[PDB]
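We begin with a single chain expressed as structure tokens, specifically the form deposited in one PDB entry.
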């Protein structure tokens, strides 16, 4: 499976269409944009209103593959006390510094100025 392109889009859940960016981003490698719309919408008909970073790996024969990542702190809140100790373990497979507690404070600090309120450690 020879790779010709890896496209980094960012899209609203359930809302993918064949209009830009999808049309041209995958169209220009001659991937079936329709399969992608229907596939991307199906795997995210779920996550309601969120904003989904998705990489599309397009192969030499026009077939492709796609991985969605988990959305931003922001949406992933909706105030609150400490349960960010319940998002900050539903953040990790969702973040980048397994300092478990190095997220908490970041997400929270952020969480606040959102601002849903504090009661944490």
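Here, rigid core means the biggest group of C-alpha atoms that superpose within 1.5 Å across both forms. Numbering follows the first chain given and starts at 1.
What comes next is about the form deposited in another entry, which is not displayed.
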State which of the options 96, 28, 32, 65 undergoes a Cα shift of 2 Å or more between the shown form and the other one, taking the core as fixed.
-> 96
Core fit, then residue 11 C-alpha moves 2 Å or more between the shown form and the other one = no
Just checking, between the shown form and the other one and with the core aligned, does residue 49 shift 2 Å or more at the CA?
-> no
Pin down for me whether the residue 6-residue 93 Cα distance shrinks or grows in the other form relative to this form (closer or farther, change of 3 Å or more).
-> closer
